[PDB]
């Protein structure tokens, strides 16, 4: 009965990521938009039926939630936990509202973004805006295929959607966003085979490295987490490349959905704080997190009945 947002939807060739903070006194303007967001999506999206694939996923931060609503909160909703590791650091930056906008064409994303921000003008301060674009055969700026091991079907729904563990918010999800910038100069100084050891997959063919060759400090190794019951802990990632050539800015916009933030945070902890066998994730030697925010994306019904 709880109808989820488009959190299970596949990766698209264009995306707009939009993070704002709510100005004091903006609450009411924000509530009005939240109840219209699905309506605005249809209004723009319908024009490009059937190949438009326009979707918007709306997320609300921990502090924003308390300003907007009264009563019970999602069980795991808290501000992004800053991770201060020996070498690398995962910062928390401000963000009350997330708009994850996806389509097969940028114009659709931009048109929807304009409609949303038009209604929010004077109530919100923009914190981050990223226009994501598909890079060749689903590659990131590091030149590796990105998103291969994303869950599908029942597994995707099992890993992503809040269920009976928090029944009042069933159909919701948790999104962690991090804007990463890459040091391409240092990355390109590595041989392809060395880069492969950093990731844990073959560069060209996207084939996973054998369990023999794959280093303990490789990205694939550290982000592979098993639960106490032996099951794999999974997240759904909709990462998109972005960048500016003149500024020498080459980035991955990280976004990860999971039914509990504990799954995503365990992965982050392994990456930044390391394990007993790895000091940290080698990918972080060529990647710097510049933002960090956590949002709860409620069921579609929740926004409607508001």
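Numbering follows the first chain given and starts at 1.
Comparing the deposited coordinates for 113-121 and 207-215, the stretch with the larger average C-alpha B-factor is 207-215. Higher mean CA temperature factor, per the PDB entry, when comparing 193-201 with 151-159: 151-159.
Note on 142, 177, 233, 98: the highest value goes to 233, judged by CA B factor as recorded. Reading the B-factor column for the CA atoms of 44, 273, 56, 267 in the entry, the top value corresponds to 273. Sorting the modelled residues of the chain by their CA temperature factor places residue 287 in the middle third. Among the modelled residues of its chain, residue 89 has a C-alpha B-factor that falls in the highest third according to the deposited record. Among the modelled residues of its chain, residue 107 has a C-alpha B-factor that falls in the lowest third, as given in the PDB entry.
Per the deposited record, the Cα B-factor of residue 173 falls in the lowest third when ranked against the other modelled residues of its chain. When the modelled residues of the chain are ordered by C-alpha B-factor, residue 38 sits in the middle third.
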